[PDB]
Every structure is written in structure tokens, then in C-alpha cells.
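Trainee: Quick one: experimental structure and sequence below.
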Amino acid sequence: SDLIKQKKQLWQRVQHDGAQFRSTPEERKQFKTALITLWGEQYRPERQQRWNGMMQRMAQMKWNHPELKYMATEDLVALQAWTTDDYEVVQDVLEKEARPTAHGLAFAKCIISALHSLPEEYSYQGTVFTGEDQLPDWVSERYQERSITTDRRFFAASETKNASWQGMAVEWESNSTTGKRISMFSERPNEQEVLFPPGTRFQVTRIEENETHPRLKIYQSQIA
């Protein structure tokens, strides 16, 4: 549709704006609508209440944490929304082979705006751990040893291997320099989630293979 054109436009914006990416007033209005209608018209009243609840929670969070005073409240909402089941419609929205949805793109712009709007003191510096069920070819197409991966996905990780951890077929150990800690905004803060936007670059240093789980363990380092 025109969604294809919107996707490539957004991917171009992501790389051109870099850390200056910022959502516009209407982009936030569109994100609000996308989130409230995401399950269809029958759940709009419930998801309008969820939205209003998240707005008030994030409005008060800015009151309690003045360093967040100039983050759009909707952008913060985007970060809590990311930690719900809604992440499934936006995590891959900018992948080359993904079929974009209007709601996916709306979500994406405000999550990206949030991540580059958070003050640097929210960056986690150190190793963050990720597990996902992905196929070997999926890994090979995206990560090769001693090559740089320009990630087009929203890449989730954790400061820890905590109770949230569960062994998966693919694992990452990613040295973070500016990956942002969003536990303060998540519905489950004790996961200590760290989230990288599309456009993050990783120097892949080595990829381990096992016939056990993890089948593939990727070691990579974020770079400027």
C-alpha cells in the first residue's frame, strides 16, 4: 500500500535523524489512536482506559523525576506499551521483509522518540542479555562475525539473567554503551529491560554454535 512507502520513509528518517529522532504532535495523536484501536472496535473502551491510565502514570513519573520533564508523556507511554503484548506489532515493523501496518509504524515513531529523548543517565553501560527463538538463517542474514550489524529491529535485552530469563535457541551478549534502561517505565520493572532502537549498530565479534540450547550465542558490542 502506501504503508510500504511510509516504512522506507521512516527507515530513512531513523538513519538520517539518528539520536535527534523526535515524534511530532500528530505522530503522538496517531500513536494514541493506533494503541486504542489495536485490538479492534470492541476493545476501544477498555484500551482507552488503559491509555488514560498510562498517561496519568507517566505524567506523575515526570513530576517525581524532573530529568524527564521535557519527554513527551505519550513517548513515555510508548515505552510502557512496549513492555505489554503490543510489542509484537512493532518490533519487526522496519525489517526489510516485514509487512508494515499503520499501527506498527505509529508505535515505532514514539518508541524511537522516547529512547533518544531519555537523558543519558538512563543508559546502561555493560553486557545485556537477550534470548529469542530464531532460525539459523535468520541469524546468518543479520549477524556475521567481525562484521557490523545495523539492527532494524527494536532489540530488547536485560541487565540481568533474572527470574524473567528462560533459555532460548538464540542468545546475545551485547555490550551496551547507550542502550536505555526502561524498567522504571515497564509494567514488570524487575525484568530490568534494556531497549535498543532500530538503527543501532553492533560490532559482532564472535558467534558460538551448540547443538544444545543456545544453538547460537552472539557476542556483539554497540558502537557509535
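Mentor: Thanks, I have the structure now. Numbering: from 1, shown residues only.

Trainee: buried sites along whichever strand or helix holds residue 219?
Mentor: Counting by DSSP states H and E, the element that carries residue 219 is strand 216-223. In terms of neighbour count (16 or more other CB atoms under 10 Å), strand 216-223 has its buried residues at 216, 217, 218, 219, 220, 221, 222. Every C-beta, even on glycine, is put in place using the N, C-alpha and C of the backbone.

Trainee: who are the neighbours in contact with the spatially most central residue of the chain?
Mentor: For the chain, the residue nearest the mean C-alpha position is residue 154 (3.6 Å; CA atoms, centre = their mean). With contact taken as CB atoms under 8 Å, 6 or more residues apart in numbering, residue 154 is in contact with 82, 87, 90, 91, 108, 111, 195, 196, 197, 198.

Trainee: Could you rerun that using 6 Å?
Mentor: By CB atoms under 6 Å, 6 or more residues apart in numbering, the contact set of residue 154 is residue 91.

Trainee: Next one: it from residue 23, what distance?
Mentor: 15 Å (CB to CB, to the nearest Å).

Trainee: in the sheet, who's paired with residue 126?
Mentor: residue 176 (DSSP bridges).

Trainee: Quick check: it vs residue 90, distance?
Mentor: Using CB to CB, residue 126 is found at 26 Å from residue 90.

Trainee: Between those two, which is the more surrounded one?
Mentor: Using other CB atoms under 10 Å as the criterion, residue 126 and residue 90 rank with residue 90 on top: 26 against 12.

Trainee: so which helix or strand takes in the closest residue in space to that one that isn't next to it in sequence?
Mentor: With sequence-adjacent residues excluded and distances taken as CB to CB, 6 or more residues apart in numbering, residue 90 is closest to residue 107, at 3.9 Å. Using DSSP H and E, residue 107 falls within helix 102-117.

Trainee: just checking, what packs against that helix?
Mentor: On a contact count with 3 or more CB pairs under 6 Å, 6 or more residues apart in numbering; DSSP states H and E, helix 102-117 meets helix 25-36, helix 73-82.
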